[PDB]
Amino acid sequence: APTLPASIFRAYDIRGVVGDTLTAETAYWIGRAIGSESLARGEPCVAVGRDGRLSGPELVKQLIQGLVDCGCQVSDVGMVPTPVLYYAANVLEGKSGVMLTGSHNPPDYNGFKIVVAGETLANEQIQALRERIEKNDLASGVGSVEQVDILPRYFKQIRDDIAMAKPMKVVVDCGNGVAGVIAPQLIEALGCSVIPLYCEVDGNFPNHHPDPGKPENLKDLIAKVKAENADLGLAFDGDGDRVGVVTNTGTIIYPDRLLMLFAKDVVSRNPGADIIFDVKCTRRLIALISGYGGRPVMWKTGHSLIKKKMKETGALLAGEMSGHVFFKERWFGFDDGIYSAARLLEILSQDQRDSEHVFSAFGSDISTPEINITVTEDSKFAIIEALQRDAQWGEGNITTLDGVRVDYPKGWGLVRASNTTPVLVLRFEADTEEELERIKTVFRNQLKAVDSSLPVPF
């Protein structure tokens, strides 16, 4: 084996630019590393899927050949959403699965999301794959390939379990990503009228990029929902493990508010169930889960990390601010925007109120938008650490799982380091304006105690 760039081996995935940091050869040796790791955990059987990127149909050939050259039995599910690959890794013979995807990123990117013997890899497990390649610590064998058509089965699984009470009219925006293969069709079959936006699978991404996380990528959805007097809008990211939600009046429903509703529902049938959310999610969600008789568990951001935490705690539901929603009740416990969409429509169809009122009934607190402060790559983590070390927070309940979150009786604030950019990311909330200013002040003062030069835009 040759020398691969370490920079493509990231915290919860592998991601690079095709023809650049990610070549055909690279993808082969990754298959080889993944195949050897799966065999070491006693799993020869591996499912493989591709998203709808331009480099997909050719580049998976190297991944599959990598796996085959280990002795693995590969089940090739073709072009499918990311959660449909996770699904195959749950219902097929093997518990290993590789998804060739570049998520919500620009066309030239691709990469791998990896499940080995039930375990979604992260951090050190991913570095171990690179290390296997470098060390030439690789299995050798004459493997196997089998074509598997899994989408009709996934489709039937969801349709059979979802019970919609009334018809709804829904705008669906796939952003020309791979969710277009199943989302509009599934939602139609649930008993809805679907208004398709950008559901043709096109790896050029000729319209907006399939990233519901940037509000500008939601404009067309909002305009269409309003103009068609639709009951809801849904936006999927490129690979389908993420969903964005807008109401009949075009209100963006952030994932923590979405979680409030799902938690009410899941906990109602499951007294005492654990429910996971990340450090960026509103305090109201803590209260709400507890009030309904569930056990709230705050965890780290990162799909691989939430999914691990779910197995460790038995949690029936998890979600995070980026829009990954993980159902275990009635499901398999992986993040799936398409299944979450269905679960949302099921609940909404059972309410006589419009979606705007279902979500607004949870009420509000005084909230800031997410605040970004560009720092440097050199100082990024050291500022968080200086805070974790020296900052004075008074009587706050301090969480240092991921940056520094402080929960006070009447509100909270968070500051964390961006993992991919030289940026500090902050959020604040409180039940009054006067309290929000007090918490902002506490964070402003503690940052200025670190570096009196830091630009604090609040």
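Residue indices: 1-based, along the sequence shown.
Averaged over Cα atoms, the B-factor as recorded in the entry is higher for 362-370 than for the other of 339-347 and 362-370.
Just going by the entry, 293-301 versus 101-109 on mean CA temperature factor gives the higher value to 101-109.
Highest C-alpha temperature factor among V68, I34, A47, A417, as the PDB entry reports it: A417. The maximum CA B-factor among the listed residues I195, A165, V77, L316, taken from the PDB record, is found at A165. In this PDB entry, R132 carries a Cα temperature factor that places it within the middle third of its chain's modelled residues. Sorting the modelled residues of the chain by their CA temperature factor places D431 in the highest third.
Split the chain's modelled residues into thirds by C-alpha temperature factor. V442 is in the middle one.
When all modelled residues of the chain are sorted by CA temperature factor, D402 is found within the middle third. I64: CA B factor lies in the lowest third for its chain, per the PDB record.
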